[PDB]
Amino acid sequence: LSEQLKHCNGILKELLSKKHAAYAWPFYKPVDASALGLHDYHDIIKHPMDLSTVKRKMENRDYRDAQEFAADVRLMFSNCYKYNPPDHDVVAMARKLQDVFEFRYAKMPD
């Protein structure tokens, strides 16, 4: 449980690392709908999520288990797939970062 949350923290550090920055950068901070002119974003996305919020929740010991952590990371990707045209670069970037996430999450010590 501690060990599983350390694995989750390792994944989070990797998703925020320079290695993945080319496709991870749209997920670093909350979507600023107003700044991007996406005035329908908060009508379509009821539960915004981003890696800075995941990092705050990890630092605050909000996550009680790996499943709660994974739920937030996957919510972040789901929001991207729900809102954006499926042929837009941001969806390709989501797919690439979710591939990194899912393959390493699958190696959870258990």
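Numbering starts at 1 and runs along the sequence shown. For clarity, a rigid core is taken as the largest C-alpha set superposing within 1.5 Å between two forms.
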In 7 other deposited structures of this protein, rigid core aligned: more displaced of 30-38 and 75-83 by C-alpha RMS: 30-38
80-88 or 48-56, whichever carries the higher mean Cα B-factor: 80-88
Higher-scoring stretch by recorded Cα B factor average, 66-74 or 30-38: 30-38
Residue 106 CA temperature factor, ranked by third within the chain: middle
